[PDB]
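Engineer:
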Amino acid sequence: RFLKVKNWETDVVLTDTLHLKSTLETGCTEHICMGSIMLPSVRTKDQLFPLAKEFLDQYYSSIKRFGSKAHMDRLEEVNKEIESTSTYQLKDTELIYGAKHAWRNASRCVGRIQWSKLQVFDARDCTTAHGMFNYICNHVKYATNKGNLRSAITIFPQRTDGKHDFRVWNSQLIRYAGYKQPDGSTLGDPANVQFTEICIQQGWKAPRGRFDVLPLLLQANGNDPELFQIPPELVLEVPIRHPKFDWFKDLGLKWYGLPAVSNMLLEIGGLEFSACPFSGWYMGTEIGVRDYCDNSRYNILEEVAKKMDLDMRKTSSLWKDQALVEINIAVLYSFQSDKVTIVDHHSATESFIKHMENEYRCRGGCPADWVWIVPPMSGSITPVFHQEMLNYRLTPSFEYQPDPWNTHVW
Amino acid sequence: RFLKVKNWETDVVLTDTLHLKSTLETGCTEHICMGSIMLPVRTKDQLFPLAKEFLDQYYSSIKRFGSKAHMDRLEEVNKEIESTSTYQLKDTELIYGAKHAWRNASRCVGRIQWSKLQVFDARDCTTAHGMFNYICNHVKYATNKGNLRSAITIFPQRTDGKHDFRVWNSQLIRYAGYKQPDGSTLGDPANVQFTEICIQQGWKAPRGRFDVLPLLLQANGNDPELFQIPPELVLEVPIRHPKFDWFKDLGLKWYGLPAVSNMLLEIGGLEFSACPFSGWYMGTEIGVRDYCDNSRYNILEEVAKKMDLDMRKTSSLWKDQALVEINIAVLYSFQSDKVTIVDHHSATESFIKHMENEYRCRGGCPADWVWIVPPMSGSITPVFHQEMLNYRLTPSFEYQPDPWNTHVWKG
Ligand code: HEM
Ligand code: HEM
Ligand SMILES: Cc1cc(N)nc(CCc2cc(CCN)cc(F)c2F)c1
Ligand SMILES: Cc1cc(N)nc(CCc2cc(CCN)cc(F)c2F)c1
Ligand SMILES: C[C@H](O)[C@H](O)[C@H]1CNc2nc(N)[nH]c(=O)c2N1
Ligand SMILES: C[C@H](O)[C@H](O)[C@H]1CNc2nc(N)[nH]c(=O)c2N1
Ligand SMILES: [Zn+2]
Numbered sequence: 299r300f301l302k303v304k305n306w307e308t309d310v311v312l313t314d315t316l317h318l319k320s321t322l323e324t325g326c327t328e329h330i331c332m333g334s335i336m337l338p339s348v349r350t351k352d353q354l355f356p357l358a359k360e361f362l363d364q365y366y367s368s369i370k371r372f373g374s375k376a377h378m379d380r381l382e383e384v385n386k387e388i389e390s391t392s393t394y395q396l397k398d399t400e401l402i403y404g405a406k407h408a409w410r411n412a413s414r415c416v417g418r419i420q421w422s423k424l425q426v427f428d429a430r431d432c433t434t435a436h437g438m439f440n441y442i443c444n445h446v447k448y449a450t451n452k453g454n455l456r457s458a459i460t461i462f463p464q465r466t467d468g469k470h471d472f473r474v475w476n477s478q479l480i481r482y483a484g485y486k487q488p489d490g491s492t493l494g495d496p497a498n499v500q501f502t503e504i505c506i507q508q509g510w511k512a513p514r515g516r517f518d519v520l521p522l523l524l525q526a527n528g529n530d531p532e533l534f535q536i537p538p539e540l541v542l543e544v545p546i547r548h549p550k551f552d553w554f555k556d557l558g559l560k561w562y563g564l565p566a567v568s569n570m571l572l573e574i575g576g577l578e579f580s581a582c583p584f585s586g587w588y589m590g591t592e593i594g595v596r597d598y599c600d601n602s603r604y605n606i607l608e609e610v611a612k613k614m615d616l617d618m619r620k621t622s623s624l625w626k627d628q629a630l631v632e633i634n635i636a637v638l639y640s641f642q643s644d645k646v647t648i649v650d651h652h653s654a655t656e657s658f659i660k661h662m663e664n665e666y667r668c669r670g671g672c673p674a675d676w677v678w679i680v681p682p683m684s685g686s687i688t689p690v691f692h693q694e695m696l697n698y699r700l701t702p703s704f705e706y707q708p709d710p711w712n713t714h715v716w
Numbered sequence: 299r300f301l302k303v304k305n306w307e308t309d310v311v312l313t314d315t316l317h318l319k320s321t322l323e324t325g326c327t328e329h330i331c332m333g334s335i336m337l338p348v349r350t351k352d353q354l355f356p357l358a359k360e361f362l363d364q365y366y367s368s369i370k371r372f373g374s375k376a377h378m379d380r381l382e383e384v385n386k387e388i389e390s391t392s393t394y395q396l397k398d399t400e401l402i403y404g405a406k407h408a409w410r411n412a413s414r415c416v417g418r419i420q421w422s423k424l425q426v427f428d429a430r431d432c433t434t435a436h437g438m439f440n441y442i443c444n445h446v447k448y449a450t451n452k453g454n455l456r457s458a459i460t461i462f463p464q465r466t467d468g469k470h471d472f473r474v475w476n477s478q479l480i481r482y483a484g485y486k487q488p489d490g491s492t493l494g495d496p497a498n499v500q501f502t503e504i505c506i507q508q509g510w511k512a513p514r515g516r517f518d519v520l521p522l523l524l525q526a527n528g529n530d531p532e533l534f535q536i537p538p539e540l541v542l543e544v545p546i547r548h549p550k551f552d553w554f555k556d557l558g559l560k561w562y563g564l565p566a567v568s569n570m571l572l573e574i575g576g577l578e579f580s581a582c583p584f585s586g587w588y589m590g591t592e593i594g595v596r597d598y599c600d601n602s603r604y605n606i607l608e609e610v611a612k613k614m615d616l617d618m619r620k621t622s623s624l625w626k627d628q629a630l631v632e633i634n635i636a637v638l639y640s641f642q643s644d645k646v647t648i649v650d651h652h653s654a655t656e657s658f659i660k661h662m663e664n665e666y667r668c669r670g671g672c673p674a675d676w677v678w679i680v681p682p683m684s685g686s687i688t689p690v691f692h693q694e695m696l697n698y699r700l701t702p703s704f705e706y707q708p709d710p711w712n713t714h715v716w717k718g
């Protein structure tokens with residue numbers, strides 16, 4: 299009930315008491331652990355007020371005014387607003403707090419040492435998809451900051467009846483298109499083949515290239531989604547070169563500077579924000595390990611190993627492993643050269659350990675998903691590999707939600 | 299009930315029904331996942356249900372469920388439990404049980420081999436000297452001059468918990484570690500405490516970097532006794548690199564035979580507290596964990612020095628670069644000496660094929676993603692992208708306390 303986590307590299311033991319404030323399910327039971335499952339598969351008036359109460363209780367505790375004059379008045383005011391309107395509206399201060407804590411609670415995020423520095427853009431006055439586009443251009447420009455990346459979230463109006471949802475149809479604000487070739491192969495990003503089709507079906511003029519920045523597909527107020535092209539000059543991209551292999555340029559690789567997730571749902575006080583794009587800066591392995599080397603993505607390992615003249619006949623030569631390191635050297639080198647913020651997996655995981663220790667000391671815990679926190683290369687030489695972690699669900703939270711094309715009454 | 303796991307690289311979806319036959323706890327609840335946490348005698352009372360469940364599984368596997376042989380055995384074991392408070396396994400049941408404890412080991416990526424286990428029945432052993440003889444023969448058999456063969460040796464089961472057989476070594480073959488007065492460590496830092504016990508028990512330590520530890524063996528709850536494995540039985544591989552001539556001068560070697568000796572084997576409710584088992588290494592166990600953990604031999608710096616990598620900031624990935632070269636040299640060295648070893652690419656590919664086969668023919672394959680995924684290059688192996696369900700099936704291998712923490716010394 300007062301659980302312990304151990305670091306097996308340093309023998310440091312921390313005691314977790316924050317998990318007793320956990321709420322929703324993990325997907326696990328005493329009979330089966332689902333820790334490696336990627337996704338374990348509107349609010350009536352009752353459901354809504356305790357969620358509001360739990361949130362306002364922790365907000366007012368955080369500002370040292372729990373059980374106080376303003377606390378009771380706010381609880382009473384929101385109660386009245388729910389009885390009347392069957393929902394309520396957050397004060398600006400509560401919305402900023404809720405968003406920073408949604409990030410703080412993201413158990414799959416290794417970069418949470420930064421959680422308190424989030425720039426929150428209140429877009430709750432937006433009414434149309436052209437407005438959403440304007441809000442998102444300003445987000446992209448603020449966050450990019452000429453390569454000195456700054457964390458940001460832009461929060462569009464909350465769900466109401468459920469038929470008037472705001473949605474960003476793109477999974478991320480900035481991603482490359484994917485096209486099926488006539489000969490059967492795939493050009494561009496194979497992960498984005500279906501979404502690219504909906505872009506064309508809704509009218510996109512695809513330039514069928516390999517690194518075509520997809521257009522935004524924005525849905526305001528439950529209406530039909532509309533296409534917009536992000537101003538090219540707002541999309542910072544990095545050509546990938548290697549500090550040793552001059553032939554690395556001829557691979558033609560590039561990637562964008564801004565990781566910006568736009569398909570998640572932000573829950574604060576029982577209220578649901580279905581369109582809440584947020585951005586930070588990349589950890590190098592996201593690009594070089596997953597984006598470039600997954601067999602289901604750009605899958606460049608075999609090409610890179612051939613230019614390195616490695617023995618690709620036997621897996622035990624570790625040729626895949628060697629090329630993988632070099633690819634990830636080049637990504638870091640490229641971003642660092644062009645002065646685009648990026649963090650390597652050693653720096654990011656060391657920061658998370660210090661963040662964990664801070665959260666245990668000052669908060670009593672830190673929910674953490676080891677399966678996602680440990681980087682996809684060189685796992686055991688990063689400090690998080692040796693760190694036991696407890697995973698549990700705290701609110702405010704970012705949650706997955708269904709892809710809108712499977713939901714939208716067109 | 300059904301449960302589905304997906305492979306996110308291939309979109310293959312498998313359906314788990316075997317989890318319905320799971321038993322003990324995972325440590326998780328609907329409110330917390332303990333999937334990354336490393337760790338967690349019987350009466351006649353709870354024992355016959357455990358025996359019956361096991362015998363039902365045994366007789367089902369041989370297509371004899373409900374047979375007269377099945378019903379007779381259940382009656383026989385029932386009466387033996389009522390009159391003696393325990394029971395003895397037949398040889399055939401012991402072999403079946405040991406194979407299935409391996410098959411059920413959710414942290415083991417090498418389980419494609421589970422049906423080819425050599426089982427050595429040491430239940431007639433009575434003294435530590437007899438344990439030593441059995442373990443030497445296991446080491447010789449399993450080593451097989453480098454053509455390694457999986458084996459397990461099973462010593463007498465627990466009775467009242469005051470007469471346990473135990474192998475005090477966590478593994479049959481391991482190198483000593485010695486803490487120096489200046490705070491540095493010579494040899495394997497993970498073995499400092501066990502080395503100190505051996506020294507206190509009378510072991511004369513060579514005090515080198517790669518000294519094979521002696522066996523410390525406990526029979527029938529008596530005080531443990533020290534034994535030196537004959538050095539001609541301990542096969543070792545000097546580590547060199549196929550391109551770097553200077554690698555041999557690091558002075559590294561490793562033993563060929565991985566043999567776990569601190570775990571408890573549970574079959575049909577019986578507890579075998581001494582059951583050493585051995586297979587062959589996956590390269591990353593040595594080259595990633597043994598050599599490169601900060602808490603182990605920790606050679607990343609030396610190797611990176613001699614490669615003349617840019618060591619000033621971590622974003623040069625000098626650690627990742629040195630890590631790959633070390634694991635190449637381990638694989639190269641074992642293969643050149645014709646000692647069995649498997650790289651993490653081959654091992655994870657085989658495990659996926661094993662897992663898919665188990666879902667087909669058995670309805671599932673319990674698997675611990677946190678342990679299955681190798682400690683380098685995780686996502687370029689196919690297990691990274693495979694969803695896995697973790698649950699406990701018996702027969703099983705379990706952790707048990709270290710004996711020096713529980714042993715009542717005789718003096
Ligand atoms: C500032 C630098 C940041 C770094 C270095 C970072 C790092 C990461 C990484 C490596 C992942 C794994 C993603 C994947 O493997 O697909 C992740 C996941 C995640 N991050 Fe962070 N992140 C940062 C900022 C943020 C911000 C600003 C937010 C929210 C305001 C956030 C929320 C999340 C969430 C919810 C996930 C889980 C995503 C999912 O389930 O797909 N991150 N982060
Ligand atoms: C035949 C070749 C084998 C290979 C390649 C193999 C591979 C592995 C590896 C790499 C690990 C993780 C070790 C660690 O990280 O400490 C492991 C764990 C394990 N293996 Fe296998 N293994 C083999 C044979 C066996 C056999 C013969 C048994 C039992 C009869 C077995 C049972 C287990 C168990 C119980 C674990 C979990 C150990 C723990 O919790 O510390 N393995 N295996
Ligand atoms: C805020 C943030 C920071 C960061 N460092 N990383 C991310 C994830 C980014 C991301 C993930 C995926 C796949 C998610 N399953 C595809 C993308 F195009 C993308 F940008 C988000
Ligand atoms: C049967 C078997 C096969 C294999 N391929 N691997 C193992 C693990 C072997 C092992 C693990 C550890 C660390 C345990 N946490 C230390 C050792 F000395 C050792 F031999 C066992
Ligand atoms: C804390 C974490 O569970 C611990 O470091 C685990 C992670 N995964 C592992 N995986 C394997 N194969 N072996 C290990 O010892 C560990 N250690
Ligand atoms: C099946 C498995 O859970 C899946 O491949 C996960 C593993 N860990 C991950 N970790 C991160 N950071 N991102 C991912 O997409 C995944 N994918
Ligand atoms: Zn779990």
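Chains as they are written, first to last, in full-length UniProt numbering: chain H, 299 to 339, 348 to 716; chain X, 299 to 338, 348 to 718. We treat Cβ as the ideally placed atom computed from N, Cα and C, and that holds for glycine.
Tell me the DSSP bridge mates of residue 314 of chain X?
Structural biologist: Start at 1 with the first residue of the second sequence, and residue 314 of chain X comes out as number 16. In DSSP, residue 314 of chain X forms a bridge with X:301.
Engineer: When DSSP labels each residue in this structure, what does residue 587 of chain X get in the three-state scheme?
Structural biologist: Indexing the second sequence from 1 puts residue 587 of chain X at position 280. Coil at residue 587 of chain X, not helix or strand.
Engineer: If you measure from each residue's Cβ to the nearest non-hydrogen atom of ligand 6, which ones come out under 6 Å, in chain order?
Structural biologist: Matched residues: H:334, H:336, H:677, H:678, X:306, X:691, X:692, X:693 and X:694.
Engineer: Which residue comes first and which comes last in the alpha helix (DSSP H) that contains residue 439 of chain H?
Structural biologist: Residue 439 of chain H sits at position 133 when you count from the first residue of the first sequence. Taken as a continuous stretch (DSSP letters only), the alpha helix (DSSP H) holding residue 439 of chain H covers 435-450.
Engineer: Over the uninterrupted beta strand (DSSP E) stretch that includes residue 486 of chain H, give me the two end residues.
Structural biologist: Numbered from its first residue, the first sequence carries residue 486 of chain H at position 180. Residue 486 of chain H -> beta strand (DSSP E) spans 484-486.
Engineer: Under 8 Å, Cβ to Cβ, is there at least one residue of chain H near residue 698 of chain X?
Structural biologist: As a first step, residue 698 of chain X must be located in the second sequence, where it is residue number 391. It does: the Cβ of residue 698 of chain X has a partner Cβ on chain H nearer than 8 Å.
Engineer: Are at least three pairs of beta-carbons, each pair with one atom in the segment 511-523 of chain H and one in the segment 611-623 of chain H, less than 8 Å apart?
Structural biologist: Too few Cβ pairs lie closer than 8 Å, so no.
Engineer: Buried or exposed for residue 599 of chain H, going by 16 or more other Cβ atoms inside 10 Å?
Structural biologist: Here the question's residue 599 of chain H lines up with position 293 in the first sequence. Looking at its Cβ environment, which holds 16 or more other Cβ atoms inside 10 Å, residue 599 of chain H is buried.
Engineer: Given 7 Å as the limit, tell me if residue 438 of chain H has its C-beta closer than that to any heavy atom belonging to ligand 2.
Structural biologist: As a first step, residue 438 of chain H is located in the first sequence; it is residue number 132 there, counting from the start. No, Cβ of residue 438 of chain H sits at least 7 Å from all heavy atoms of ligand 2.
Engineer: Could you check what DSSP says for residue 478 of chain H in three-state terms: helix, strand or coil?
Structural biologist: Position 172 of the first sequence, counted from the start, is the residue given in the question as residue 478 of chain H. Residue state, collapsed to three classes: strand.
Engineer: In angstroms with no decimal places, state the Cα-to-Cα distance between residue 674 of chain X and residue 627 of chain H.
Structural biologist: By one-based count along the second sequence, residue 674 of chain X stands at place 367. By one-based count along the first sequence, residue 627 of chain H stands at place 321. So the alpha carbons of these two residues sit roughly 24 Å apart.
Engineer: Would residue 671 of chain H pass as a contact of residue 317 of chain H if the rule is Cβ separation under 8 Å?
Structural biologist: Along the first sequence, read from residue 1 onward, the residue named residue 671 of chain H stands at position 365. Along the first sequence, read from residue 1 onward, the residue named residue 317 of chain H stands at position 19. Closer than 8 Å, so yes.
Engineer: Any Cβ of chain X within less than 8 Å of the Cβ of residue 331 of chain H?
Structural biologist: Mapped onto the first sequence, residue 331 of chain H falls at position 33. It does: the Cβ of residue 331 of chain H has a partner Cβ on chain X nearer than 8 Å.
Engineer: Kindly indicate which three-state DSSP category residue 677 of chain X falls into: helix, strand or coil?
Structural biologist: Start at 1 with the first residue of the second sequence, and residue 677 of chain X comes out as number 370. Note: residue 677 of chain X maps to helix in three-state DSSP.
Engineer: Identify every run of the beta strand (DSSP E) within the segment 517-581 of chain X, keeping only runs that are complete inside it and at least 3 residues long; order them along the chain.
Structural biologist: Counting only runs of 3 or more, we get 522-525, 532-534, 543-545, 560-562, 571-574 and 577-579.
Engineer: Helix, strand or coil for residue 453 of chain H per DSSP?
Structural biologist: Position 147 of the first sequence holds residue 453 of chain H. Correct three-state label for residue 453 of chain H: helix.
Engineer: Would you tell me roughly how many angstroms separate the C-alpha atoms of residue 655 of chain X and residue 305 of chain X, rounded to the nearest one?
Structural biologist: On the second sequence, residue 655 of chain X is found 348 positions in, with the first residue counted as 1. On the second sequence, residue 305 of chain X is found 7 positions in, with the first residue counted as 1. So the alpha carbons of these two residues sit roughly 14 Å apart.
Engineer: So what's residue 428 of chain X in DSSP terms, helix, strand or just coil?
Structural biologist: For this step, residue 428 of chain X is matched to residue 121 along the second sequence. Three-state DSSP puts residue 428 of chain X in a strand.
Engineer: I need the boundaries of the beta strand (DSSP E) containing residue 493 of chain H, first residue and last residue.
Structural biologist: Taking the first sequence and counting its residues from 1, one reaches residue 493 of chain H at position 187. Note, residue 493 of chain H: beta strand (DSSP E), 492-494.
Engineer: Mind listing, in chain order, the continuous alpha helix (DSSP H) runs of no fewer than 4 residues lying wholly within the segment 616-669 of chain X?
Structural biologist: Segments of the alpha helix (DSSP H) lying fully in the segment 616-669 of chain X: 625-643 and 651-669.
Engineer: Starting from the Cα of residue 357 of chain H, find the closest Cα among H:683, H:637, H:404 and H:339 and give me that residue.
Structural biologist: Translated into positions along the first sequence, residue 357 of chain H becomes position 51. Taking only the C-alpha atoms, the option nearest residue 357 of chain H is H:404.
Engineer: With DSSP as the reference, identify every bridge partner of residue 458 of chain X, one or two as the case may be.
Structural biologist: For the purposes of this step, residue 458 of chain X is identified with residue 151 of the second sequence, where counting begins at 1. Answer is X:425 and X:585.
Engineer: In this structure, how does DSSP classify residue 712 of chain H when only helix, strand and coil are distinguished?
Structural biologist: Taking the first residue of the first sequence as position 1, residue 712 of chain H is located at position 406. Reduced to three states, the DSSP call for residue 712 of chain H is helix.
Engineer: Smallest Cα separation from residue 690 of chain H: which of X:300, X:588 and X:682?
Structural biologist: Here residue 690 of chain H refers to the residue found at position 384 when the first sequence is read from its first residue. That would be X:682, whose Cα lies nearest to the Cα of residue 690 of chain H.
Engineer: Which chain H residues sit within Cβ distance under 9 Å of residue 307 of chain X?
Structural biologist: Here residue 307 of chain X is taken as the residue at index 9 of the second sequence, counted from 1. Those are 600, 601 and 602, listed as they occur along chain H.
Engineer: At the level of alpha carbons, what is the spacing between residue 466 of chain H and residue 580 of chain H?
Structural biologist: Taking the first sequence and counting its residues from 1, one reaches residue 466 of chain H at position 160. Taking the first sequence and counting its residues from 1, one reaches residue 580 of chain H at position 274. Each residue's alpha carbon lies about 10 Å from the other.
Engineer: For residue 420 of chain X, verify whether its CB is less than 7 Å away from any heavy atom of ligand 2.
Structural biologist: Counting from one through the second sequence, the residue named residue 420 of chain X turns up at place 113. Residue 420 of chain X: yes, Cβ under 7 Å from ligand 2.
Engineer: With the cut-off set at 8 Å, would you say residue 662 of chain X and residue 524 of chain X are in Cβ contact?
Structural biologist: Working through the second sequence from its first residue, we reach residue 662 of chain X at position 355. Working through the second sequence from its first residue, we reach residue 524 of chain X at position 217. No. Outside cutoff.
Engineer: Show which residues of chain H have a CB atom less than 8 Å away from the CB atom of residue 642 of chain X.
Structural biologist: For the purposes of this step, residue 642 of chain X is taken as the residue at position 335 of the second sequence. By Cβ distance, chain H contributes 622.
Engineer: If I measure Cβ to Cβ from residue 442 of chain H and keep anything under 7 Å in the same chain, skipping five residues before and after, which residues do I get?
Structural biologist: Numbered from its first residue, the first sequence carries residue 442 of chain H at position 136. Taken in chain order, the residues that qualify are 460, 479, 522 and 583.
Engineer: Taking the straight line between their C-alpha atoms, what separation do you get for residue 559 of chain H and residue 332 of chain H?
Structural biologist: Walking along the first sequence from the start, residue 559 of chain H turns up at place 253. Walking along the first sequence from the start, residue 332 of chain H turns up at place 34. So the alpha carbons of these two residues sit roughly 37 Å apart.
Engineer: Out of curiosity, what's the CA-to-CA distance linking residue 529 of chain H and residue 503 of chain H?
Structural biologist: Within the first sequence, residue 529 of chain H is the residue found at index 223, counting from 1. Within the first sequence, residue 503 of chain H is the residue found at index 197, counting from 1. Rounded to the nearest angstrom, the two C-alpha atoms are 20 Å apart.
Engineer: DSSP state of residue 327 of chain X, grouped into three classes?
Structural biologist: Here residue 327 of chain X refers to the residue found at position 29 of the second sequence. Here residue 327 of chain X sits in strand by DSSP.
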